[PDB]
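This is input28.pdb (PDB, C-alpha atoms and all ligand atoms).
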```pdb
ATOM      1  CA  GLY T   1       1.431  51.293 -74.328
ATOM      2  CA  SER T   2      -0.189  52.471 -71.103
ATOM      3  CA  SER T   3      -3.524  52.518 -72.931
ATOM      4  CA  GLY T   4      -6.955  52.807 -71.342
ATOM      5  CA  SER T   5     -10.694  52.562 -71.950
ATOM      6  CA  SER T   6     -14.023  53.586 -70.419
ATOM      7  CA  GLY T   7     -17.471  52.028 -70.668
ATOM      8  CA  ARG T   8     -19.702  54.242 -68.541
ATOM      9  CA  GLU T   9     -22.238  56.849 -69.657
ATOM     10  CA  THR T  10     -21.720  59.715 -67.211
ATOM     11  CA  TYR T  11     -22.983  63.109 -68.373
ATOM     12  CA  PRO T  12     -24.261  66.218 -66.546
ATOM     13  CA  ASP T  13     -27.057  67.053 -68.985
ATOM     14  CA  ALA T  14     -26.655  64.315 -71.595
ATOM     15  CA  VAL T  15     -28.724  61.440 -70.211
ATOM     16  CA  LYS T  16     -32.406  62.392 -70.115
ATOM     17  CA  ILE T  17     -33.437  65.296 -72.344
ATOM     18  CA  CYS T  18     -37.027  66.369 -72.992
ATOM     19  CA  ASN T  19     -38.605  66.186 -76.449
ATOM     20  CA  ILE T  20     -40.774  69.296 -76.159
ATOM     21  CA  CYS T  21     -38.442  71.801 -74.500
ATOM     22  CA  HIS T  22     -35.289  69.695 -74.812
ATOM     23  CA  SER T  23     -34.311  70.285 -71.183
ATOM     24  CA  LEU T  24     -32.657  67.883 -68.741
ATOM     25  CA  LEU T  25     -35.382  66.101 -66.775
ATOM     26  CA  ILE T  26     -35.612  63.480 -64.028
ATOM     27  CA  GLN T  27     -39.206  62.443 -63.342
ATOM     28  CA  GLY T  28     -41.881  62.457 -66.029
ATOM     29  CA  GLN T  29     -43.091  60.300 -68.909
ATOM     30  CA  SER T  30     -41.099  58.031 -71.223
ATOM     31  CA  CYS T  31     -41.834  56.073 -74.399
ATOM     32  CA  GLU T  32     -41.182  52.335 -74.681
ATOM     33  CA  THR T  33     -41.570  52.474 -78.463
ATOM     34  CA  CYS T  34     -38.485  54.589 -79.149
ATOM     35  CA  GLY T  35     -37.256  55.784 -75.767
ATOM     36  CA  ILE T  36     -37.873  59.467 -75.088
ATOM     37  CA  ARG T  37     -38.653  61.330 -71.866
ATOM     38  CA  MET T  38     -40.918  64.368 -71.522
ATOM     39  CA  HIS T  39     -41.903  66.774 -68.743
ATOM     40  CA  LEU T  40     -45.366  66.782 -67.166
ATOM     41  CA  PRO T  41     -46.494  70.175 -68.532
ATOM     42  CA  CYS T  42     -44.769  69.251 -71.794
ATOM     43  CA  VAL T  43     -46.446  65.908 -72.496
ATOM     44  CA  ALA T  44     -49.924  67.306 -71.856
ATOM     45  CA  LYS T  45     -49.334  70.575 -73.711
ATOM     46  CA  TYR T  46     -48.626  68.314 -76.687
ATOM     47  CA  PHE T  47     -51.561  65.981 -76.046
ATOM     48  CA  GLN T  48     -54.073  68.628 -74.972
ATOM     49  CA  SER T  49     -57.436  68.934 -76.723
ATOM     50  CA  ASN T  50     -56.857  65.706 -78.650
ATOM     51  CA  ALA T  51     -58.399  62.243 -78.957
ATOM     52  CA  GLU T  52     -55.476  59.873 -79.514
ATOM     53  CA  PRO T  53     -52.001  61.010 -78.385
ATOM     54  CA  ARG T  54     -48.985  60.189 -80.552
ATOM     55  CA  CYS T  55     -45.344  60.130 -79.449
ATOM     56  CA  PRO T  56     -43.573  63.228 -80.834
ATOM     57  CA  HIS T  57     -40.617  60.949 -81.568
ATOM     58  CA  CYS T  58     -41.728  57.678 -83.160
ATOM     59  CA  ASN T  59     -45.252  58.947 -83.827
ATOM     60  CA  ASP T  60     -46.973  55.641 -83.069
ATOM     61  CA  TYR T  61     -48.949  55.765 -79.821
ATOM     62  CA  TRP T  62     -48.625  56.845 -76.189
ATOM     63  CA  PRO T  63     -48.524  53.756 -73.932
ATOM     64  CA  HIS T  64     -48.598  55.889 -70.783
ATOM     65  CA  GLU T  65     -51.348  58.220 -69.568
ATOM     66  CA  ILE T  66     -51.681  61.945 -70.253
ATOM     67  CA  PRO T  67     -50.763  64.306 -67.384
ATOM     68  CA  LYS T  68     -52.682  67.448 -66.427
ATOM     69  CA  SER T  69     -51.634  71.038 -67.120
ATOM     70  CA  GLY T  70     -51.429  73.952 -64.702
ATOM     71  CA  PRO T  71     -52.929  77.460 -64.512
ATOM     72  CA  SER T  72     -49.860  78.626 -66.434
ATOM     73  CA  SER T  73     -49.933  79.550 -70.123
ATOM     74  CA  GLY T  74     -53.541  80.714 -70.048
TER
HETATM   75 ZN    ZN I   1     -40.020  69.643 -71.404
HETATM   76 ZN    ZN I   2     -41.841  57.018 -78.971
END
```
Structure rendered as structure tokens:
Amino acid sequence: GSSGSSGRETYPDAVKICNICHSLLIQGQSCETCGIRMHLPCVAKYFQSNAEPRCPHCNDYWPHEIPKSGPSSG
């Protein structure tokens, strides 16, 4: 016998991954429709110069607001 189990999700970079760059993030924007996090400069870069933003995952609608971009990439 001497069996064992574990019910805890503990990963170094397997908990909150971006949807634009796919990089471990901590603070940003998440979707309540499906459940995906995105960086600040990532969410905007995807919802820049548009009318109605759509989650890059479920593709329904962005419940949160759209962040601003920086002087980078242009
Ligand atoms: Zn990102
Ligand atoms: Zn979504």
Which polymer residues have any atom within 10 Å of an atom of stretch 54-58 of chain T, counting only C-alpha atoms, with same-chain residues fewer than 5 positions away left out, as a short mmCIF file (atom, residue, chain, number, x, y, z; two decimals) with C-alpha atoms, keeping the file's coordinate frame?
```
data_model
loop_
_atom_site.label_atom_id
_atom_site.label_comp_id
_atom_site.auth_asym_id
_atom_site.auth_seq_id
_atom_site.Cartn_x
_atom_site.Cartn_y
_atom_site.Cartn_z
CA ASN T 19 -38.60 66.19 -76.45
CA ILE T 20 -40.77 69.30 -76.16
CA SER T 30 -41.10 58.03 -71.22
CA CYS T 31 -41.83 56.07 -74.40
CA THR T 33 -41.57 52.47 -78.46
CA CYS T 34 -38.48 54.59 -79.15
CA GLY T 35 -37.26 55.78 -75.77
CA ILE T 36 -37.87 59.47 -75.09
CA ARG T 37 -38.65 61.33 -71.87
CA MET T 38 -40.92 64.37 -71.52
CA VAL T 43 -46.45 65.91 -72.50
CA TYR T 46 -48.63 68.31 -76.69
CA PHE T 47 -51.56 65.98 -76.05
CA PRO T 63 -48.52 53.76 -73.93
#
```
List all protein, DNA and RNA residues that have any atom at most 6 Å from ligand ZN 1 (chain I), counting only C-alpha atoms and all ligand atoms, and write the list as a list in words. residues 18, 20, 21, 22, 23, 38, 39 and 42 of chain T
Take the residues just selected and output them with C-alpha atoms as a compact mmCIF listing (two decimals), in the frame of the given file.
```
# COMPACT_ATOMS: atom_id res chain seq x y z
CA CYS T 18 -37.03 66.37 -72.99
CA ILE T 20 -40.77 69.30 -76.16
CA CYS T 21 -38.44 71.80 -74.50
CA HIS T 22 -35.29 69.69 -74.81
CA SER T 23 -34.31 70.28 -71.18
CA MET T 38 -40.92 64.37 -71.52
CA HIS T 39 -41.90 66.77 -68.74
CA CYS T 42 -44.77 69.25 -71.79
```
Counting all atoms listed in the file, figure out which residue out of T:9, T:32, T:65, T:52 gets nearest to ligand ZN 2 (chain I).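 Using all atoms listed in the file, ligand ZN 2 (chain I) sits closest to T:32.
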Tell me, as a list in words, which residues lie within 8 Å of residue T:67, counting all atoms listed in the file; anything in the same chain fewer than 6 positions away does not count.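 Within the cut-off, the hits are residues 40, 41, 43 and 44 of chain T.
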Next, the residues of the selection above should be written as a CSV table (one decimal), keeping the file's coordinate frame with C-alpha atoms.
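Writing done, so here's part_1.csv:
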```
chain,number,residue,atom,x,y,z
T,40,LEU,CA,-45.4,66.8,-67.2
T,41,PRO,CA,-46.5,70.2,-68.5
T,43,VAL,CA,-46.4,65.9,-72.5
T,44,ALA,CA,-49.9,67.3,-71.9
```
Kindly give the distance, in Å, that separates atom CA of residue T:72 and atom CA of residue T:49, rounded to a single decimal.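 Spanning atom CA of residue T:72 to atom CA of residue T:49 is a straight-line distance of 16.0 Å.
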Using all atoms listed in the file, determine which residues lie at most 8 Å from residue T:26, disregarding the query and same-chain residues fewer than 2 positions distant; provide the list as number ranges by chain. T: 16, 24, 28
Take atom CA of residue T:50 and atom CA of residue T:66 and report the distance between them in Å, one decimal.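 Spanning atom CA of residue T:50 to atom CA of residue T:66 is a straight-line distance of 10.6 Å.
The gap separating atom CA of residue T:60 from atom CA of residue T:27 is 22.3 Å, in Å to one decimal.
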Can you sort out the box for stretch 12-25 of chain T, edges along x, y and z, all listed atoms in, 5 Å on every side, with centre and edge lengths in Å to one decimal, as AutoDock Vina command-line options?
```
--center_x -32.5 --center_y 66.6 --center_z -71.5 --size_x 26.5 --size_y 20.4 --size_z 19.9
```
Pick out the closest residue to ligand ZN 2 (chain I) from this set: T:2, T:59, T:48, T:10. Count only C-alpha atoms and all ligand atoms.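 Checking each of T:2, T:59, T:48, T:10 against ligand ZN 2 (chain I), counting only C-alpha atoms and all ligand atoms, the winner is T:59.
Using only C-alpha atoms, the nearest neighbour of residue T:25 within the list T:3, T:12, T:73, T:51 is T:12.
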Identify which of the residues T:70, T:29, T:64, T:4 lies closest to residue T:17, counting all atoms listed in the file when measuring atom-to-atom distances.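 Counting all atoms listed in the file, the residue closest to residue T:17 is T:29.
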Nearest to residue T:74: which of T:1, T:45, T:11, T:62 is it, counting all atoms listed in the file?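 Checking each candidate against residue T:74, we get T:45 as the closest.
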